[PDB]
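Participant: Below: the sequence, then the experimentally determined structure.
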Amino acid sequence: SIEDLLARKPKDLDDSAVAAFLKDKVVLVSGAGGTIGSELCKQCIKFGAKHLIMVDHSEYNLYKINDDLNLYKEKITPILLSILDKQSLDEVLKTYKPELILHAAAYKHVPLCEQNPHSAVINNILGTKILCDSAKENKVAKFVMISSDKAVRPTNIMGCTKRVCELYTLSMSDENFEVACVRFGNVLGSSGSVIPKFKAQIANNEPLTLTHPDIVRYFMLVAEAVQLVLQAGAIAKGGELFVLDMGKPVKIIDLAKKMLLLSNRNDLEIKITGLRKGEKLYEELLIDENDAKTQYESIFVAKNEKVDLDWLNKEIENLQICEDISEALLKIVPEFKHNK
Amino acid sequence: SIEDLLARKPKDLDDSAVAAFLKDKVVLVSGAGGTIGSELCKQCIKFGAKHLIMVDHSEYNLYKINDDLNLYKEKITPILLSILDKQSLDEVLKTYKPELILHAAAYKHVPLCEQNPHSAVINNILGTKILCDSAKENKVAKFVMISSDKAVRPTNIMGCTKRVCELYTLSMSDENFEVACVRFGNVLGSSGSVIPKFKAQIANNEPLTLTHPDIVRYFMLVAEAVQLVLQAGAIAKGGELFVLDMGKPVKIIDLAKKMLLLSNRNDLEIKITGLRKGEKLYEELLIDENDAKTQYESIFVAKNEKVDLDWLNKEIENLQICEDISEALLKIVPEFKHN
Ligand SMILES: NC(=O)c1ccc[n+]([C@@H]2O[C@H](COP(=O)([O-])OP(=O)(O)OC[C@H]3O[C@@H](n4cnc5c(N)ncnc54)[C@H](O)[C@@H]3O)[C@@H](O)[C@H]2O)c1
Ligand SMILES: NC(=O)c1ccc[n+]([C@@H]2O[C@H](COP(=O)([O-])OP(=O)(O)OC[C@H]3O[C@@H](n4cnc5c(N)ncnc54)[C@H](O)[C@@H]3O)[C@@H](O)[C@H]2O)c1
Ligand SMILES: O=c1ccn([C@@H]2O[C@H](COP(=O)(O)OP(=O)(O)O)[C@@H](O)[C@H]2O)c(=O)[nH]1
Ligand SMILES: O=c1ccn([C@@H]2O[C@H](COP(=O)(O)OP(=O)(O)O)[C@@H](O)[C@H]2O)c(=O)[nH]1
Ligand code: NA
Ligand code: NA
Ligand code: NA
Ligand code: NA
């Protein structure tokens, strides 16, 4: 399949390192039923977590990961909950006392977030603030947030909200509460992504819709990305912004063309539809030449400075009441260049 | 297919009646990306709505229905929102001024709601209260809520929450704000349901897991149930609790056996796993012999009395903070017999 062809096959996957990090821990995964969250759940079981707390606001998604892990039902707890509900979230943290939170709950679709920028701010920034604050207050030892190459020099509301989340979480890290963020690019076959869209077009004998002939993304298999996230969490001392080596860029036109060749469906045309608001032709390359090496060739540490939380909390209040969210986000993230 | 065999094929589908009800309306669908919500969206387009406002808190589900309807993109607005967010929901209603709300946003899984009863109360009862209140304040003309046979003499948290939602919405109905609730049974192949589960077990060479050899449900195709919901909505004058004729009961063991037969995997076993907390062996038959007929053989009107809204609002405030949710629900719904 094209998945196999575009897998990274990282040479530095380290099962025993992840087992050492997770064995007998109580771990809470937010967004547990999502593409990334579900794989985080599966790997928590694989690598020996004692008790997995699965938090998701989407009932089908929660149902499905809980069903997927039914052989391990005695050590998993499905919590149907939005992380915006601080009071209920606090009760969950007190009840189960997780030692690690893996935070994979967010809205990620660039077009939808352009159309719903207030909801993007509330779900992404306020949700992350509530979950991180509750974690620190309830003495969770370590907190790892999933981030995106879209957070790097963002051109869209979504990516900018994720950058604010990096700033907030990293600024909360201290010697009692270790936070790390891990940035990576596209996961092959993820919810609502290009590969399932192309599959559904080819099945239904429809032309493939390509945004631009030159567009490029970086790709990894979900199991590869998630295990590297966990390796990064395992080595983190707190305050690190990690970045993954995604390998070679893939032109989406070559992706489309290969899917057609593999489906034996060269009868179909590829139609160009146009670059959408907020959308990059080439996402940013994640690893900077001055980033720090780790013991894993696929994982580097990027520079980040803490911001003052009094300032950032005030800006996060402003985001909730302001007339112009794009303008308000630019106050927090000076590198934001909104592609309207 | 198993779906074809169990379809109701109601003889009283009426496309022109639904078109007359929906043509050139601004319609908002809550839960727009869900199994029922998505079909409501599709039918709103089919039957001539001017503008469809799609509200859903699940990004993939919203993404998917918006994509499914991409040929109609100029007439649809995807709103990524929980109906619990009153301030933002009010802004949406004030902006788009829908004349009809079709309310299909809820949590429905009986086991998950037994395990998360506070979330079932908040999402189902408070969400419905927020949406219904906002609708009435923003002069929405008509409000139609999807309900369930699980709401009838409920034995589980989920179904009891739905019954409270009926009582609330129907009690809000008045001369200017017409409410209808429509009860029906299982939709064939809905999200997270038995047919997809059995398909996945067969595909992975696994025994089918059957709750109880005698268990039965009533079934309809989603397009059938939704079109009948819309016919009921069209005829509603306000205050009606409608029920659909689901046809004959289906034993889930027969469903399981037919799926094995249809897949030529009679090699697979059917394992009995047991009745779950809150679960009924036979759901209630929806049509009572004293229900009123309508012009559609498939739609009847059940008796319902309004409750005092001051009392019910107080009870709903308590449900949000109480430790004894099962007991508290029993005070609101005296017919609740929690299994
Ligand atoms: N999919 C990718 O290619 C990719 C790549 C790199 C980074 N990421 C990042 O990973 C994160 C998740 O991506 P995904 O692909 O898993 O998306 P997803 O939508 O499949 O998963 C997110 C999950 O979080 C849940 N959720 C959302 N908001 C919530 C809330 N308030 N409370 C509780 N649960 C909530 C959702 O229901 C869903 O199950 C995003 O921030 C995204 O930018 C994704
Ligand atoms: N067999 C059936 O599926 C069936 C039969 C009869 C009645 N019903 C009733 O119909 C309703 C929906 O069932 P379904 O099968 O479509 O379930 P579903 O989970 O597929 O759809 C519900 C949709 O509502 C959304 N949603 C949930 N809470 C929300 C919130 N607070 N704000 C915004 N969006 C929200 C979800 O994301 C989802 O897309 C439930 O009350 C159910 O009991 C279902
Ligand atoms: O119908 C589509 C959907 C996506 N893409 C492109 O494929 C890549 C991956 O898009 P996806 O939605 O999968 O994720 P994103 O990169 O926005 O997170 C991007 O370059 C898109 O422009 C495309 O050509 N056609
Ligand atoms: O793995 C399963 C799942 C469901 N059921 C039964 O199938 C029927 C339909 O269950 P579903 O989850 O589809 O919907 P529900 O009736 O709970 O809304 C009920 O009698 C369930 O007990 C079953 O026997 N095995
Ligand atoms: Na999966
Ligand atoms: Na469990
Ligand atoms: Na007709
Ligand atoms: Na569908």
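Facilitator: Received, thanks. Numbers count the residues shown, from 1 in each chain, chains lettered A, B, ... in the order given. Ligands and ions are numbered 1, 2, ... in the order given.
Participant: For the rest of this, base every contact and every neighbour count on C-alpha atoms.
Facilitator: Fine.
Participant: Just give me the neighbour total for the closest residue to ligand 7 within chain A.
Facilitator: Proximity of chain A to ligand 7 (Cα to the ion) peaks at residue A:204, 31.5 Å away. Residue A:204: 9 surrounding residues under other Cα atoms under 10 Å in any protein chain shown.
Participant: What of residue A:175?
Facilitator: Neighbours around residue A:175, by other Cα under 10 Å: 10.
Participant: Pull up the gap between the residue of chain A closest to ligand 7 and residue A:265, please.
Facilitator: 11 Å (Cα to Cα, to the nearest Å).
Participant: Residue A:47 too?
Facilitator: Distance, residue A:47 to residue A:265, by Cα to Cα: 40 Å.
Participant: Between those two, point out the one with more neighbours.
Facilitator: Remark: of residue A:47 and residue A:265, residue A:47 carries more neighbours, 18 against 15, as counted by other Cα under 10 Å.
Participant: Distance check, the more buried one against residue A:226.
Facilitator: Taking Cα to Cα, one finds residue A:47 at 12 Å from residue A:226.
Participant: Taking the centroid of chain A, which residue is nearest it?
Facilitator: In chain A, the residue lying closest to the centroid (Cα atoms, centre = their mean) is residue A:146, at 3.8 Å.
Participant: ok, the host helix or strand of it near ligand 3 or not?
Facilitator: Using DSSP states H and E, residue A:146 falls within strand A:142-148. No: Strand A:142-148 stays clear of ligand 3 (Cα under 6 Å from any ligand atom), getting no nearer than 8.7 Å.
Participant: May I see the buried residues of that strand?
Facilitator: Using 16 or more other Cα atoms under 10 Å in any protein chain shown as the test for burial, strand A:142-148 gives A:142-148.
Participant: need the residues of chain A near ligand 1, please.
Facilitator: Within chain A, the residues that sit near ligand 1 (Cα under 6 Å from any ligand atom) are A:30-37, A:55-58, A:61, A:81-84, A:104-108, A:123, A:127, A:146-148, A:184-187, A:190-191.
Participant: same thing but at 5 Å, please
Facilitator: A:31, A:33-36, A:56-58, A:82-83, A:104-106, A:108, A:148, A:185-187, A:190-191 (Cα under 5 Å from any ligand atom).
Participant: Now restrict these to buried residues only.
Facilitator: A:31, A:33-36, A:56-58, A:82-83, A:104-106, A:108, A:148, A:185-187, A:191.
Participant: Next, the nearest residue to residue A:292 once chain neighbours are set aside: phi, psi?
Facilitator: Spatial nearest neighbour of residue A:292, excluding adjacent residues (Cα to Cα, 6 or more residues apart in numbering or on different chains): residue A:301 at 4.9 Å. As for residue A:301, its main-chain torsions (degrees, to the nearest 10) stand at phi -110, psi 120.
Participant: and residue A:118, what does it touch?
Facilitator: By Cα atoms under 8 Å, 6 or more residues apart in numbering or on different chains, the contact list for residue A:118 reads A:320, A:325.
Participant: if we can go back for a sec, ok, the residue of chain A closest to ligand 7 to residue A:191 distance?
Facilitator: Noted for residue A:204: a distance of 19 Å to residue A:191, by Cα to Cα.
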